[PDB]
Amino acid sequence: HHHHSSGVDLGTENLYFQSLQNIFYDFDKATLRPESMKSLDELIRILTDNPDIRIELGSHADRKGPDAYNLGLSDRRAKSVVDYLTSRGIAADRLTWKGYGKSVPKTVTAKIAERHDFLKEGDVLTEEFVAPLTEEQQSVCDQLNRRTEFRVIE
């Protein structure tokens, strides 16, 4: 099969790539911002250039509001991405998705840590981590949790 031990995955959770970005959302919205459409066009290029690969997506919500509500919101966030891709010709069978609600806070990557003096690589944006922060710091963290993650798979 593969003639080597596992290498680095092309995904948004562990590493930062200019050409494979997280999708971020407004508070209580599943809408694709103009920036999100550019990011999805970059993903469509990867899908069309590599016709056999699939994309696994995971959609999320920030700590505010009930668990069940946030699960539904995360499903709508995944669906908006799937609908944009399928509207551009991507076969639905090439995409898998899961809505995690607010159950999986994001881990701060080296790029996120470079951009914010208060965040360090490896910090997990849990409710307990975000709770004692300033209103501005909470807004940065909550925004980072309102995202869709991607991973390129077979």
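When you see a residue number, it is the position in the sequence shown, counting from 1.
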Worksheet item: Higher mean Cα B-factor in the deposited model: 81 to 89 or 62 to 70?
Response: 62 to 70
Worksheet item: 125 to 133 versus 97 to 105: which one carries the higher mean Cα B factor per the record?
Response: 125 to 133
Worksheet item: Among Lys120, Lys38, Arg45, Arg54, which residue carries the highest C-alpha B-factor recorded in the PDB entry?
Response: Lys120
Response to the item:
Quick tally, chain-level thirds of C-alpha B-factors: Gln21 sits in the lowest
Discussion item. Quick check for you: using the entry's CA B-factors within this chain, is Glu13 in the lowest, middle or highest third?
Written reply: lowest
